[PDB]
Amino acid sequence: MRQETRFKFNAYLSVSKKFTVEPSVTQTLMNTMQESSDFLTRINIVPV
Amino acid sequence: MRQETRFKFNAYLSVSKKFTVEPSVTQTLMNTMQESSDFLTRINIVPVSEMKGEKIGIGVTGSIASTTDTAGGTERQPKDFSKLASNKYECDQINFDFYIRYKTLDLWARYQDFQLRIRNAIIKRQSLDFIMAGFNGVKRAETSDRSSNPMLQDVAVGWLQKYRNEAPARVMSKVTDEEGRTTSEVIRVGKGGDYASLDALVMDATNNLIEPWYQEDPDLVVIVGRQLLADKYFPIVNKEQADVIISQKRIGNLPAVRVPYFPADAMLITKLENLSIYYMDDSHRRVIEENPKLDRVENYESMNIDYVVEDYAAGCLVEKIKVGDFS
Amino acid sequence: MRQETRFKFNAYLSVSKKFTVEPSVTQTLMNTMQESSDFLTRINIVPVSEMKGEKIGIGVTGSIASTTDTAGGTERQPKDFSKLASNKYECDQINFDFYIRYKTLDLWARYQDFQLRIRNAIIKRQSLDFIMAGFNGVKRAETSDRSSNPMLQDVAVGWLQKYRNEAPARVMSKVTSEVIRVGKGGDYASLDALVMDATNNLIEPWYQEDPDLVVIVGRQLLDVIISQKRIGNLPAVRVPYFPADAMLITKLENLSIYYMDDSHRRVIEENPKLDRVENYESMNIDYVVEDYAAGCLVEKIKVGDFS
Amino acid sequence: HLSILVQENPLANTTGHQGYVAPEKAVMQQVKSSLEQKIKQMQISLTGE
Amino acid sequence: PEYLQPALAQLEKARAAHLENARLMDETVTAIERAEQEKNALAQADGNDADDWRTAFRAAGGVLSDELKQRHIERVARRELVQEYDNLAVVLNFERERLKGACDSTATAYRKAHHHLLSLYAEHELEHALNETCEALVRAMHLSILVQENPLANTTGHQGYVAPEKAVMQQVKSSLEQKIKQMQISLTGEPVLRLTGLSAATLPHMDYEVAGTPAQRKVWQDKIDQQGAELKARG
Amino acid sequence: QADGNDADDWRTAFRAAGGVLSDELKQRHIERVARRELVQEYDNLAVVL
């Protein structure tokens with residue numbers, strides 16, 4: 001019920017491969033590493 | 001060490017009593033609740049931005065000095081600056097939830113200035129509730145019922161239970177012997193008991209149990225309930241012969257404070273800035289409802305908190321106190 | 001007779017609280033630390049540009065006037081002005097070395113007012129340590145491990161050790177029973193007889209009638225707080241750290257610490273081999289009692305009851 | 001005197017540091033009360049020459 | 001007696017307990033002293049025998065037969081056996097520790113019981129001596145009050161005209177306190193000479209006092225339990 | 001196990017007789033330490049086996 005999720009859901013009342021919370025540096029490095037190998041491409045890596 | 005932290009430290013190289021981060025809603029509500037009562041003023045309500053991790057240190061002091069022959073010999077091994085006994089806090093949620101009937105709501109709304117009165121009333125009802133739940137409350141159990149636990153003994157683990165099951169050998173619950181593991185279940189304090197009076201009790205307790213560092217401190221308080229304090233100061237007034245001795249209320253050469261709903265058969269000696277409560281930054285979720293099935297307007301509020309004593313070696317508590325004669 | 005003192009004294013032929021040789025950085029830090037606590041305000045801390053010299057006499061009095069038969073044949077004998085016993089002293093080094101861990105560093109870094117809180121914490125933590133080592137310590141060992149010596153007893157020599165070591169008088173620990181007694185069955189009254197015997201027998205007379213004489217004893221047998229009721233007509237105080245079973249009668253300006261100027265080395269290291277950031281600091285200090293007069297102490301007492 | 005010698009024992013004072021009345025004054029107040037009660041409840045007869 | 005008689009044998013029981021405790025204490029002390037004084041002489045004799053064997057073996061060159069064989073193995077046997085001889089000291093001290101703890105415990109218990117009995121006796125005696133006798137003083141004080149109440153008695157004016165009751169009470173208090181201060185206690189009485197006197201008379205009163213207050217006792221007991229659970233790994 | 005039992009018994013019997021001993025507790029102790037030295041290869045044989 002945080003003041004952001006209610007606003008984001010209320011606007012709904014009126015794309016599934018990458019998530020990209022915010023473009024930080026650790027995320028860029030992780031994307032590079034997962035792009036390097038091939039098995040990491042089919043798998044799902046996400047930040048939290 | 002982290003990016004922003006490394007920058008701040010490099011900048012370090014080249015009111016200070018409370019902690020703030022950013023102006024938000026939960027922090028504002030907590031600050032208001034603190035300013036409401038008086039006991040919450042002399043305590044640390046800290047906002048934290050993590051569900052589990054390390055606690056910060058306040059009022060911790062450790063002797064850090066030595067001398068070493070660096071000239072042709074051993075090296076200099078620095079001692080830790082903030083290393084406590086055990087430190088792992090786990091914040092959890094508690095929620096309040098109430099309702100007003102239509103009749104009472106109408107009666108109140110009839111007169112002006114009712115919203116402000118309601119707000120102040122609920123804030124006052126909430127702060128004292130924080131206190132009452134904190135000092136009591138052995139363990140937390142989901143689906144807490146208020147049938148057989150009227151003293152609010154099931155919300156969350158309290159400071160007393162923290163001392164009980166986190167750092168033993170700092171409590172006193174029985175008089176024992178090398179052969180009698182329980183020579184006395186209860187600590188009798190009277191003319192014939194195991195002591196002379198509460199003064200000697202708190203005296204040898206603050207002598208033996210707590211560490212020598214905090215032992216010599218300009219700030220120590222003996223938190224005790226109301227029944228025991230009045231039981232001690234009553235036979236003084238009930239005599240025939242000076243009334244200032246009721247204003248300061250010192251016992252065992254230590255100032256004494258009293259908090260509501262404190263258990264009557266125990267007392268805790270410690271400095272009043274050592275224990276604290278942590279709360280998540282943004283978890284104060286509040287919703288309204290106007291269902292007519294029971295013609296009542298209800299509301300729910302939830303907040304994630306956790307009580308914590310910072311350094312367990314600061315104070316100690318004695319439990320199961322009984323005053324009598326014991327001829 | 002250096003070319004500066006003759007010029008400064010010759011100009012005299014034609015204010016007592018702070019000294020301030022020159023505004024350096026170690027002096028500023030020392031002033032800050034002494035301003036932090038309260039007990040350091042009443043005490044005297046001074047700098048000195050050399051070691052093993054003379055004690056700057058502050059708070060010393062006496063009787064200088066006399067009379068002589070100048071015509072009979074004798075002559076006026078100029079009694080000394082700064083007459084003291086063992087005016088020598090020294091200076092030693094003491095270092096604080098401590099590390100902060102990364103996680104806790106992040107925690108402190110999250111909130112506001114970070115550097116100020118860190119500075120105040122470290123200043124307080126070392127300022128308390130100065131005192132706690134002052135009234136204790138009997139050696140100058142080279143290891144000084146804080147395991148087998150909980151309170152600081154191996155860093156430096158303390159006032160209660162300088163008294164016990166230099167002047168074997170001015171301290172009573174044996175009446176002849178070994179340890180003195182106090183009580184109805186002891187060798188004295190409760191406390192007035194003992195404190196009166198002390199202030200009449202050991203401390204010199206022309207320091208007795210002083211408006212600043214103070215008895216100092218720990219929190220037992222009772223910042224700094226003063227007891228309103230004087231025990232021996234003298235106000236009683238309690239200092240934070242003190243061996244409870246002893247006490248000393250003296251002024252509050254007779255004690256002092258001398259910190260060698262321009263000796264303060266602070267370095268910080270960051271060794272990621274462990275997950276910590278270390279900080280070393282080294283200074284040069286020595287404790288000193290100004291005058292061995294105006295001060296005595298009783299060491300081994302035991303209040304109670306006897307036959 | 002025996003009562004005083006008993007009361008002087010450390011494990012005697014029920015009251016702590018506050019109101020720790022001296023045993024002498026305590027026993028004196030006790031005897032004074034127990035004597036004045038008798039002197040008040042009694043009367044003076046007249047069978048004396 | 002006949003009212004504190006059942007409350008009296010506990011004194012004798014605690015007395016016997018403390019006596020047995022002190023006896024065990026001195027027995028342990030003399031035992032460790034004997035063990036140490038014997039260990040010293042045994043070590044010295046071993047050293048002397050070792051020196052003699054070494055020089056005799058150096059005399060006979062690098063060859064030996066029919067001798068210096070049983071002697072050397074006997075010497076190394078003694079050297080191996082002195083290990084536990086020296087080891088026994090630590091278990092003896094650990095055994096003495098809890099003994100001294102129980103000694104202080106029984107000492108303080110006996111002291112408390114004695115004080116309680118003495119207090120009960122003194123209270124009963126004062127009550128029975130005030131209620132029964134000392135009645136002529138009451139009528140004397142009544143007559144004195146009746147005299148002092150007359151208006152032609154108070155030499156003090158309107159200021160400080162203290163009531164005659166307070167005056168006669170202060171008078172009797174002073175005249176009684178002077179007597180109670182100048183006098184002393186004599187031991188010419190069966191019950192007071194039988195068991196009473198000073199606090200106690202034995203060796204352990206305050207010297208050790210390791211337990212003393214119950215809190216310090218608890219700390220010491222916890223430390224002793226830790227030490228014992230540690231030592232249980234060895235002999 | 002037998003060695004441990006014998007060791008316990010010897011230790012308590014020696015504690016009983018005080019800090020003095022003669023004509024006994026001499027062959028027993030050296031026999032015990034001999035067995036303690038001999039069990040070494042007894043345990044060692046496992047690795048070669």
# chains A, B, ... in the order shown; residues from 1 in each chain; ligands from 1
$ residues_around --residues "segment 8-21 of chain D" --least-positions-apart "4" --cutoff "7 Å" --atoms "only C-alpha atoms" --output "JSON, numbers by chain"
{"B": [190, 191, 196, 197, 199, 236], "D": [4, 26]}
$ write_last_selection --atoms "C-alpha atoms" --output "PDB file, in the first residue's frame"
ATOM      1  CA  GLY B 190      12.781  -8.091  54.058  1.00  0.00           C
ATOM      2  CA  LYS B 191      13.874  -8.243  57.667  1.00  0.00           C
ATOM      3  CA  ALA B 196      18.074  -6.042  53.965  1.00  0.00           C
ATOM      4  CA  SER B 197      16.197  -3.716  51.604  1.00  0.00           C
ATOM      5  CA  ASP B 199      18.909  -0.395  48.386  1.00  0.00           C
ATOM      6  CA  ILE B 236       8.527   6.358  55.329  1.00  0.00           C
TER       7      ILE B 236
ATOM      8  CA  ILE D   4      20.691  -1.432  70.849  1.00  0.00           C
ATOM      9  CA  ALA D  26      14.173   4.457  67.386  1.00  0.00           C
TER      10      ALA D  26
END
$ residues_around --residues "residue 7 of chain F" --least-positions-apart "5" --cutoff "12 Å" --atoms "only C-alpha atoms" --output "ChimeraX atom specification"
/E:84,234-235 /F:1-2,12-14,25,28-33,35-36
$ interface_residues --of "chain B" --to "chain A" --cutoff "9 Å" --atoms "only C-alpha atoms" --output "ChimeraX atom specification"
/B:282-287
$ closest_atom_pairs --of "chain C" --to "chain D" --cutoff "12 Å" --atoms "only C-alpha atoms" --output "JSON lines"
{"residue": "C:183", "atom": "CA", "partner": "D:8", "partner_atom": "CA", "distance": 11.9}
{"residue": "C:184", "atom": "CA", "partner": "D:8", "partner_atom": "CA", "distance": 10.6}
{"residue": "C:222", "atom": "CA", "partner": "D:17", "partner_atom": "CA", "distance": 11.0}
{"residue": "C:304", "atom": "CA", "partner": "D:10", "partner_atom": "CA", "distance": 9.1}
{"residue": "C:305", "atom": "CA", "partner": "D:9", "partner_atom": "CA", "distance": 9.1}
{"residue": "C:306", "atom": "CA", "partner": "D:9", "partner_atom": "CA", "distance": 11.4}
$ select_by_dssp --residues "chain A" --states "helix (DSSP H, G or I)" --output "PyMOL selection string"
chain A and resi 5-12+25-36+39-42
$ write_last_selection --atoms "C-alpha atoms" --output "tab-separated table (two decimals), in the first residue's frame"
chain	number	residue	atom	x	y	z
A	5	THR	CA	2.15	1.32	-5.83
A	6	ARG	CA	-1.33	2.77	-5.28
A	7	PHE	CA	-0.56	5.58	-7.72
A	8	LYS	CA	0.89	3.17	-10.27
A	9	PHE	CA	-2.05	0.76	-10.01
A	10	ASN	CA	-4.72	3.46	-10.05
A	11	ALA	CA	-3.39	4.69	-13.39
A	12	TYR	CA	-3.81	1.17	-14.78
A	25	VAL	CA	26.94	-0.15	-12.79
A	26	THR	CA	26.57	-3.55	-11.12
A	27	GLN	CA	23.59	-4.18	-13.40
A	28	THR	CA	25.66	-3.30	-16.47
A	29	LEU	CA	28.43	-5.67	-15.39
A	30	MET	CA	25.91	-8.44	-14.72
A	31	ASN	CA	24.33	-7.93	-18.15
A	32	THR	CA	27.77	-8.09	-19.76
A	33	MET	CA	28.63	-11.32	-17.94
A	34	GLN	CA	25.31	-12.93	-18.86
A	35	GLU	CA	25.76	-11.87	-22.48
A	36	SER	CA	29.25	-13.40	-22.54
A	39	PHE	CA	23.71	-20.65	-21.16
A	40	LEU	CA	23.22	-17.42	-19.20
A	41	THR	CA	21.08	-16.06	-22.04
A	42	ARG	CA	18.27	-18.61	-21.66
$ closest_atom_pairs --of "chain E" --to "chain F" --cutoff "10 Å" --atoms "only C-alpha atoms" --output "Markdown table"
| residue | atom | partner | partner_atom | distance |
| --- | --- | --- | --- | --- |
| E:28 | CA | F:18 | CA | 9.5 |
| E:30 | CA | F:18 | CA | 9.5 |
| E:31 | CA | F:18 | CA | 6.0 |
| E:32 | CA | F:19 | CA | 7.2 |
| E:33 | CA | F:19 | CA | 8.5 |
| E:34 | CA | F:19 | CA | 5.8 |
| E:35 | CA | F:19 | CA | 4.0 |
| E:36 | CA | F:19 | CA | 7.7 |
| E:37 | CA | F:19 | CA | 8.8 |
| E:38 | CA | F:19 | CA | 7.0 |
| E:39 | CA | F:19 | CA | 8.4 |
| E:74 | CA | F:30 | CA | 9.4 |
| E:76 | CA | F:30 | CA | 10.0 |
| E:77 | CA | F:30 | CA | 6.3 |
| E:78 | CA | F:30 | CA | 8.1 |
| E:80 | CA | F:33 | CA | 7.6 |
| E:81 | CA | F:29 | CA | 6.8 |
| E:84 | CA | F:11 | CA | 8.6 |
| E:85 | CA | F:19 | CA | 8.5 |
| E:88 | CA | F:15 | CA | 8.0 |
| E:91 | CA | F:15 | CA | 9.8 |
| E:92 | CA | F:15 | CA | 8.7 |
| E:235 | CA | F:8 | CA | 7.7 |
$ write_last_selection --atoms "C-alpha atoms" --output "short mmCIF file (atom, residue, chain, number, x, y, z; two decimals), in the first residue's frame"
data_model
loop_
_atom_site.label_atom_id
_atom_site.label_comp_id
_atom_site.auth_asym_id
_atom_site.auth_seq_id
_atom_site.Cartn_x
_atom_site.Cartn_y
_atom_site.Cartn_z
CA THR E 28 43.14 -29.91 52.26
CA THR E 30 47.96 -29.68 55.01
CA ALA E 31 47.52 -32.21 52.19
CA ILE E 32 48.69 -29.82 49.48
CA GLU E 33 51.54 -28.63 51.70
CA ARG E 34 52.75 -32.20 52.26
CA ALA E 35 52.45 -33.01 48.56
CA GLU E 36 54.49 -29.96 47.55
CA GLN E 37 57.18 -30.44 50.19
CA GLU E 38 57.55 -34.05 49.05
CA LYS E 39 57.65 -33.11 45.36
CA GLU E 74 64.29 -46.62 36.52
CA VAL E 76 63.20 -42.39 33.11
CA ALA E 77 60.31 -44.24 34.77
CA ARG E 78 60.44 -41.83 37.70
CA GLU E 80 57.48 -40.15 33.55
CA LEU E 81 55.72 -40.73 36.88
CA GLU E 84 50.83 -36.74 37.44
CA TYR E 85 52.58 -36.04 40.76
CA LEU E 88 47.53 -33.41 41.17
CA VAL E 91 42.68 -30.93 40.86
CA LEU E 92 43.41 -30.39 44.55
CA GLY E 235 41.45 -36.14 34.74
#
$ decode --residues "segment 226-248 of chain B" --atoms "N, CA, C and O atoms" --output "PDB file, in the first residue's frame"
ATOM      1  N   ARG B 226       5.428   0.601  39.468  1.00  0.00           N
ATOM      2  CA  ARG B 226       4.828   1.509  40.436  1.00  0.00           C
ATOM      3  C   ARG B 226       4.516   0.848  41.765  1.00  0.00           C
ATOM      4  O   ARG B 226       4.627   1.502  42.806  1.00  0.00           O
ATOM      5  N   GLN B 227       4.129  -0.427  41.758  1.00  0.00           N
ATOM      6  CA  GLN B 227       3.779  -1.097  43.004  1.00  0.00           C
ATOM      7  C   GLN B 227       4.967  -1.156  43.950  1.00  0.00           C
ATOM      8  O   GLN B 227       4.831  -0.884  45.149  1.00  0.00           O
ATOM      9  N   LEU B 228       6.143  -1.499  43.430  1.00  0.00           N
ATOM     10  CA  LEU B 228       7.304  -1.686  44.290  1.00  0.00           C
ATOM     11  C   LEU B 228       7.814  -0.356  44.833  1.00  0.00           C
ATOM     12  O   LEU B 228       8.187  -0.257  46.008  1.00  0.00           O
ATOM     13  N   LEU B 229       7.835   0.678  43.992  1.00  0.00           N
ATOM     14  CA  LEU B 229       8.277   1.993  44.438  1.00  0.00           C
ATOM     15  C   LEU B 229       7.404   2.508  45.573  1.00  0.00           C
ATOM     16  O   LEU B 229       7.908   2.994  46.594  1.00  0.00           O
ATOM     17  N   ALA B 230       6.084   2.417  45.405  1.00  0.00           N
ATOM     18  CA  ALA B 230       5.178   2.865  46.455  1.00  0.00           C
ATOM     19  C   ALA B 230       5.301   1.986  47.690  1.00  0.00           C
ATOM     20  O   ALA B 230       5.235   2.484  48.818  1.00  0.00           O
ATOM     21  N   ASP B 231       5.483   0.678  47.500  1.00  0.00           N
ATOM     22  CA  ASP B 231       5.685  -0.204  48.643  1.00  0.00           C
ATOM     23  C   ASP B 231       6.921   0.184  49.438  1.00  0.00           C
ATOM     24  O   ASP B 231       6.954   0.010  50.661  1.00  0.00           O
ATOM     25  N   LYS B 232       7.948   0.699  48.766  1.00  0.00           N
ATOM     26  CA  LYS B 232       9.139   1.114  49.494  1.00  0.00           C
ATOM     27  C   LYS B 232       8.946   2.465  50.173  1.00  0.00           C
ATOM     28  O   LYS B 232       9.292   2.623  51.348  1.00  0.00           O
ATOM     29  N   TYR B 233       8.392   3.449  49.462  1.00  0.00           N
ATOM     30  CA  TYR B 233       8.284   4.790  50.029  1.00  0.00           C
ATOM     31  C   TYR B 233       7.070   4.990  50.928  1.00  0.00           C
ATOM     32  O   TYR B 233       6.932   6.072  51.508  1.00  0.00           O
ATOM     33  N   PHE B 234       6.190   3.996  51.069  1.00  0.00           N
ATOM     34  CA  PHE B 234       5.018   4.199  51.918  1.00  0.00           C
ATOM     35  C   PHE B 234       5.360   4.182  53.403  1.00  0.00           C
ATOM     36  O   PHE B 234       4.928   5.100  54.121  1.00  0.00           O
ATOM     37  N   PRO B 235       6.107   3.203  53.934  1.00  0.00           N
ATOM     38  CA  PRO B 235       6.367   3.219  55.385  1.00  0.00           C
ATOM     39  C   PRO B 235       7.178   4.415  55.850  1.00  0.00           C
ATOM     40  O   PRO B 235       7.225   4.688  57.054  1.00  0.00           O
ATOM     41  N   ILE B 236       7.826   5.139  54.935  1.00  0.00           N
ATOM     42  CA  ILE B 236       8.527   6.358  55.329  1.00  0.00           C
ATOM     43  C   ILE B 236       7.527   7.453  55.675  1.00  0.00           C
ATOM     44  O   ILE B 236       7.636   8.114  56.714  1.00  0.00           O
ATOM     45  N   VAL B 237       6.533   7.657  54.811  1.00  0.00           N
ATOM     46  CA  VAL B 237       5.553   8.710  55.054  1.00  0.00           C
ATOM     47  C   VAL B 237       4.639   8.342  56.216  1.00  0.00           C
ATOM     48  O   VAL B 237       4.161   9.221  56.943  1.00  0.00           O
ATOM     49  N   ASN B 238       4.401   7.049  56.430  1.00  0.00           N
ATOM     50  CA  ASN B 238       3.507   6.586  57.492  1.00  0.00           C
ATOM     51  C   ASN B 238       4.245   6.601  58.833  1.00  0.00           C
ATOM     52  O   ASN B 238       4.405   5.585  59.513  1.00  0.00           O
ATOM     53  N   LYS B 239       4.699   7.794  59.210  1.00  0.00           N
ATOM     54  CA  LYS B 239       5.391   7.987  60.477  1.00  0.00           C
ATOM     55  C   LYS B 239       5.133   9.406  60.961  1.00  0.00           C
ATOM     56  O   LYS B 239       4.544  10.224  60.253  1.00  0.00           O
ATOM     57  N   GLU B 240       5.589   9.688  62.180  1.00  0.00           N
ATOM     58  CA  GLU B 240       5.285  10.939  62.862  1.00  0.00           C
ATOM     59  C   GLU B 240       6.576  11.682  63.171  1.00  0.00           C
ATOM     60  O   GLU B 240       7.239  11.391  64.172  1.00  0.00           O
ATOM     61  N   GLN B 241       6.920  12.646  62.320  1.00  0.00           N
ATOM     62  CA  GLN B 241       8.071  13.516  62.549  1.00  0.00           C
ATOM     63  C   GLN B 241       8.021  14.732  61.628  1.00  0.00           C
ATOM     64  O   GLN B 241       8.521  15.803  61.969  1.00  0.00           O
ATOM     65  N   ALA B 242      10.113  17.250  56.797  1.00  0.00           N
ATOM     66  CA  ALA B 242      10.888  16.788  55.654  1.00  0.00           C
ATOM     67  C   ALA B 242      10.013  15.997  54.688  1.00  0.00           C
ATOM     68  O   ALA B 242       9.587  14.883  54.991  1.00  0.00           O
ATOM     69  N   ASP B 243       9.749  16.584  53.524  1.00  0.00           N
ATOM     70  CA  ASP B 243       8.921  15.966  52.498  1.00  0.00           C
ATOM     71  C   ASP B 243       9.593  15.978  51.129  1.00  0.00           C
ATOM     72  O   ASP B 243       9.035  15.439  50.168  1.00  0.00           O
ATOM     73  N   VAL B 244      10.781  16.577  51.022  1.00  0.00           N
ATOM     74  CA  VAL B 244      11.485  16.630  49.745  1.00  0.00           C
ATOM     75  C   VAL B 244      11.893  15.233  49.295  1.00  0.00           C
ATOM     76  O   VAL B 244      12.117  14.993  48.102  1.00  0.00           O
ATOM     77  N   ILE B 245      11.960  14.282  50.230  1.00  0.00           N
ATOM     78  CA  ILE B 245      12.438  12.940  49.911  1.00  0.00           C
ATOM     79  C   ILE B 245      11.464  12.216  48.988  1.00  0.00           C
ATOM     80  O   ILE B 245      11.744  11.110  48.514  1.00  0.00           O
ATOM     81  N   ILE B 246      10.305  12.821  48.722  1.00  0.00           N
ATOM     82  CA  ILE B 246       9.344  12.208  47.811  1.00  0.00           C
ATOM     83  C   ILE B 246       9.477  12.809  46.417  1.00  0.00           C
ATOM     84  O   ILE B 246       8.876  12.322  45.452  1.00  0.00           O
ATOM     85  N   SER B 247      10.277  13.867  46.286  1.00  0.00           N
ATOM     86  CA  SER B 247      10.385  14.553  45.003  1.00  0.00           C
ATOM     87  C   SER B 247      11.466  13.928  44.129  1.00  0.00           C
ATOM     88  O   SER B 247      11.274  13.745  42.922  1.00  0.00           O
ATOM     89  N   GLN B 248      12.615  13.597  44.721  1.00  0.00           N
ATOM     90  CA  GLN B 248      13.729  13.087  43.927  1.00  0.00           C
ATOM     91  C   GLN B 248      13.589  11.593  43.665  1.00  0.00           C
ATOM     92  O   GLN B 248      13.853  11.128  42.552  1.00  0.00           O
TER      93      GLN B 248
END
